[PDB]
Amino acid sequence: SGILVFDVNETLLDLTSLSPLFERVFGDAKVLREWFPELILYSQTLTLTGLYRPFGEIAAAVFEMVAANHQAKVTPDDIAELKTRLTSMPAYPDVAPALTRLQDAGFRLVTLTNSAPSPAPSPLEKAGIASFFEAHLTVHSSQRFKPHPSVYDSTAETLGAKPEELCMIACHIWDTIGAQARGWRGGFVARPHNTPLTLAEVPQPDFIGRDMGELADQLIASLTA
């Protein structure tokens, strides 16, 4: 049927579980939506410039920067809470039902994350969904973040797969863009506060769902002519 490569943070695991930390430190949970694109921004900046630190370290550094930008006090305990929450985000309820159906339709399932390899128990293990996946891959071996071509190419190589066999699934259009640039298909799931970017010459996702069940419907349906 093919191999479906899933983004983890926000796509499978619920990022809004971080909201209480932002509420407390900033007086405003919506600061999550300023911090997160800054984290992705700086991960891509490190990659473009030939630098690498683990994603978690960038997350902490960016949280401190955004705090300073808001003149908000931040403590070592705040940074510890950020690490705690980022590594313990729960699975959305729509995930396990969808992954079950995808398996039964013949798809192989793997994950690919910017997050560095985790001590056991990993966030996916803690969320109870790790066992759906045959492999758990990270950008850590590449020392480059998404959407750098190395990340997708090394993932295809590791799986012994050609791009025509692969489909990247994410709620982040930057990730599907990255994979489609390497000849993979892209499947977009529309988690809250995520919309595709519509821009000339930017490829649109091959599949789209408002939730994981609807995306899985489209993937499975596509098998039958």
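We number the residues from 1 along the sequence you see.
J.: Averaging CA B factors per stretch from the PDB record, which one is higher: 11 to 19 or 203 to 211?
T.: Taking the mean C-alpha B-factor of 11 to 19 and of 203 to 211, the larger value falls to 203 to 211.
J.: On average, are the C-alpha B-factors higher in 27 to 35 or in 43 to 51?
T.: For C-alpha atoms only, the mean B-factor is higher in 27 to 35.
J.: Determine which member of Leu109, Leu112, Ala96, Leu124 has the highest CA B-factor, using the values in the deposited entry.
T.: That would be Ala96, according to the entry.
J.: Taking the Cα B-factors listed in the entry, which of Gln143, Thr138, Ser154, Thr100 comes out highest?
T.: Of the candidates given, the C-alpha B-factor peaks at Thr100.
J.: C-alpha B factor of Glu164, ranked within the chain: lowest, middle or highest third?
T.: According to the entry, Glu164 has a C-alpha B-factor in the chain's highest third.
J.: When the modelled residues of the chain are sorted by Cα temperature factor, does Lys83 land in the lowest, middle or highest third?
T.: For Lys83, whose C-alpha B-factor we compare with every modelled residue in the chain, the answer is the highest third.
J.: By the record's CA B-factor, is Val5 among the lowest, middle or highest third of residues in the chain?
T.: It belongs to the lowest third of the chain when residues are ordered by C-alpha B-factor.
J.: Give the position of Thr195 by CA B-factor within its chain, expressed as the lowest, middle or highest third.
T.: Answer is highest: the recorded C-alpha B-factor places it there.
J.: Of the three thirds of its chain by CA temperature factor, lowest, middle or highest, which one includes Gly178?
T.: According to the entry, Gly178 has a C-alpha B-factor in the chain's lowest third.
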